[PDB]
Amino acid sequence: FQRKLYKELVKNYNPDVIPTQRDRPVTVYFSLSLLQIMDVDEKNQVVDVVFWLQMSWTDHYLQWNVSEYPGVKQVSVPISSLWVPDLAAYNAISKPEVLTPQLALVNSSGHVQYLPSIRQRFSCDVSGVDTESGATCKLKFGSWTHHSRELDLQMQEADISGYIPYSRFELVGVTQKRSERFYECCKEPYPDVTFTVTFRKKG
């Protein structure tokens, strides 16, 4: 008993299908928690970054009658088992290295939360990393195949308290804003949240 819910939640479920529903796009809440700026290649213009990626959305195919399943309040599912935002780091110059277990938490109302810790390298102008002005990196994320009307990317207060106390670099400033733009190819507009970080070398 108890987890005959997994048998159910994955019965007629195709993880390749964005769980939208007539007119209304699936809205995914995105937020980036900067944890550390590992390195800066001044010669090739890249930053090695470690961060928490906070994503949540609602999959209507994934809800259940809390009755029929007694104590089951939430379930920990493998992201390979359900649909997940196909977010992409636009300016990344390296495959993303996901450091935590690829599990997602699912609510009895179908609310999903996937919170992977990641290390990835981005293309960035790290010129003034030694000036008082510092260097500014723009970490741009957004769905890769779903446009505004299919997947609505919404941001939400970026956390900065995870930032490592020691660390060769100090955070001069941080901002996060979502945008919508058209691309050479692809007819529709694409929403994207961009985490902008300004940092300088301590001392």
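Residue indices: 1-based, along the sequence shown.
Enquirer: Give the stretch, out of 128 to 136 and 96 to 104, with the larger mean C-alpha temperature factor in the deposited entry.
Expert: Averaged over C-alpha atoms, the B-factors run higher in 128 to 136.
Enquirer: Tell me which stretch has the larger mean Cα B-factor in this entry, 60 to 68 or 41 to 49.
Expert: On average, C-alpha B-factors are higher across 60 to 68.
Enquirer: Taking the C-alpha B-factors as the PDB entry records them, is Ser161 in the lowest, middle or highest third of its chain?
Expert: Its C-alpha B-factor, which the entry lists for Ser161, ranks in the middle third among residues of this chain.
Enquirer: Is the Cα B-factor recorded for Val17 in the lowest, middle or highest third of its chain?
Expert: For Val17, whose C-alpha B-factor we compare with every modelled residue in the chain, the answer is the middle third.
Enquirer: Could you look up the Cα B-factor of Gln176 in the entry and say which third of the chain it sits in: lowest, middle or highest?
Expert: It falls in the top third of the chain.
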